[PDB]
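Take a look at this one chain, the form deposited in one PDB entry, written out in structure tokens.
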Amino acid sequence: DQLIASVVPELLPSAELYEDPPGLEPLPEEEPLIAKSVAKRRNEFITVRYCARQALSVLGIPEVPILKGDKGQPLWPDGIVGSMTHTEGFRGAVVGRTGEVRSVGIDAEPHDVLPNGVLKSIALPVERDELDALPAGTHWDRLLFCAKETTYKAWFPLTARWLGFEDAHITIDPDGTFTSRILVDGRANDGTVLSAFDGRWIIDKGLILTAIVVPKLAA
């Protein structure tokens, strides 16, 4: 009953953990990336890459470092796309072949009200009214935050550009889907235009997991 696996296609292997297993190490090439980091950050960095290497192995890729670009993005092997996320009680990664999908993003958050002031900073005025109308029993504010994070993670590998909270309008459906409408220039690096993303969401184990897969276009 893994969360990521329940919201991405079977052809995108994923792996996740809810605690840091004892004894894990970064690969040698990864050590400089967390040398200056606090211990909590070291732990999540190491464990999420353990998960990513597990998923990569399913695609036939043996142990390899996963470094980071200047904008924080993970640097995947040739022919691979993927995404990672970590929060209190969750580390997760998903990967896929560029021959199968264009991009993927995921995000995890605890299923609770957003911290004070955060919803105001992330939500368009219309989004706030929309969330107020969704069915009781779900922290839709936190789900919106997650979906916004996921939208940027799926977007950046295809554009190499920023996407702020105000640059996409996210509509959440109670049925476990959402849509992200892009409000900025959507020209992508493959010549196409990105105007909207389709996403999926699940709440389980006290956590929200959101995911966007950007499909390949028809030939």
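Residue numbers here begin at 1 and follow the sequence given.
The form deposited with a partner chain bound exists for this protein as well; it is not shown, and the discussion that follows is about that form.
- Among heavy atoms of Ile122, some come within 4.5 Å of its partner chain in the deposited complex.
- Contact annotation for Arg187: none of its heavy atoms lies within 4.5 Å of its partner chain in the deposited complex.
- Though the partner is left out of this view, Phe90 does not reach within 4.5 Å of its partner chain in the deposited complex, counting heavy atoms only.
- Under a 4.5 angstroms non-hydrogen atom cutoff, its partner chain in the deposited complex has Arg142 among its neighbouring residues.
- Contact here is defined as any heavy atom lying within 4.5 Å of its partner chain in the deposited complex, and by that definition not a single one of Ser57, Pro62 and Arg102 is a contact residue.
- With the partner omitted here, the stretch from 190-198, 22-30, 37-45, 173-181 that lies within 4.5 Å of its partner chain by heavy atoms in the deposited complex is 37-45.
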